[PDB]
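Just one chain is shown here, as structure tokens, and it is the form deposited in one PDB entry.
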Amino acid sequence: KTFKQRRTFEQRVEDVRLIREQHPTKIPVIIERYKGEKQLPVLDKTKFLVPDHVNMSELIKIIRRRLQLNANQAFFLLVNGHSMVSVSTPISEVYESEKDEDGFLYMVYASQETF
């Protein structure tokens, strides 16, 4: 059902290596809806190539637009399984510290802070 369940560790590593070769300025991001989530819709895809200069605040705005949310729908994003300490960090810096061993950066979204 989840990305890590659909693709082998070998397959995920090789896909991150191809993104380094073909899209060297992009961060490879996996974005999934929390398995408990009732309110927010599912995304149209799972794997996102994010420009490495955007900060987490801008990436939250990007995901809100992709989900076509309105002003008063709540949205919380986990990175590497936990809350973001800051939304001001460039995603290139977030990637270096929070990347998975497969080389993806894993994010999960919910309408509650309580995941």
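Heads up, when I say rigid core I mean the largest set of C-alphas that superpose within 1.5 Å between the two forms. In this text, residue numbers run from 1 along the sequence as written.
Superposing each structure in 9 other deposited structures of this protein on the rigid core shows that the farther-lying of 50-58 and 75-83, by root-mean-square Cα distance, is 75-83.
After superposition on the rigid core, the larger root-mean-square Cα deviation in 9 other deposited structures of this protein belongs to 21-29, not to the other of 96-104 and 21-29. Legend: mean Cα B-factor per stretch from the PDB entry, 70-78 versus 44-52; the higher mean is in 70-78. Among the modelled residues of its chain, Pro90 has a C-alpha B-factor that falls in the middle third according to the deposited record. Compared with the other modelled residues of the chain, the Cα B-factor recorded for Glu58 ranks in the lowest third.
Just so it is clear, the following notes concern the form deposited with a small molecule bound, a form of the same protein that is not shown.
Under a 4.5 angstroms non-hydrogen atom cutoff, the small molecule in the deposited bound form lacks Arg33 among its neighbouring residues.
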